[PDB]
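According to the deposited numbering, the residues represented by the sequence shown are 1 to 64, in order.
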Amino acid sequence: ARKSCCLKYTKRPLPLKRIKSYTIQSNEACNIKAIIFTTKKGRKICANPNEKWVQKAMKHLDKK
Numbered sequence: 001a002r003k004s005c006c007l008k009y010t011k012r013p014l015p016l017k018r019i020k021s022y023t024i025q026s027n028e029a030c031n032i033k034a035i036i037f038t039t040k041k042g043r044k045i046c047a048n049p050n051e052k053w054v055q056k057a058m059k060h061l062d063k064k
């Protein structure tokens, strides 16, 4: 239990309107690079940084 890293990415894209913020997982410290999204429910979601929706999300979440 307790994993600060993700080794998977979500197969289901999230709506940005439901995301509060993210965390940058480095491929340096973790096996892969997976941005950890956190929803308004505060749930942790591992998303693929390579995903175009994640680019939009990241830029929007990086704003605040």
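A virtual CB, placed ideally from N, CA and C, is assigned to each residue, including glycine.
Please state if the CB of residue j and the CB of residue i are separated by a distance shorter than 8 Å.
| i | j | result |
| --- | --- | --- |
| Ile36 | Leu14 | no |
| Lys63 | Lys40 | no |
Let's see if you can read the secondary structure: which residues bound the beta strand (DSSP E) around residue i?
| i | result |
| --- | --- |
| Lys20 | 19-23 |
Check residue i in the structure and name its three-state DSSP category.
| i | result |
| --- | --- |
| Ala57 | helix |
| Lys41 | coil |
Could you check whether the Cβ of residue i sits closer than 8 Å to any Cβ belonging to chain B?
| i | result |
| --- | --- |
| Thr39 | Checking the listed chains, one finds no chain B in this structure; it contains a single protein chain. |
Assuming residue i and residue j make a contact with CB atoms under 8 Å, what is their CB distance in whole Å?
| i | j | result |
| --- | --- | --- |
| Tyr22 | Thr10 | Not confirmed; about 12 Å, so no contact. |
| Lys59 | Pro49 | With a Cβ gap of about 12 Å, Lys59 and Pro49 do not count as contacting. |
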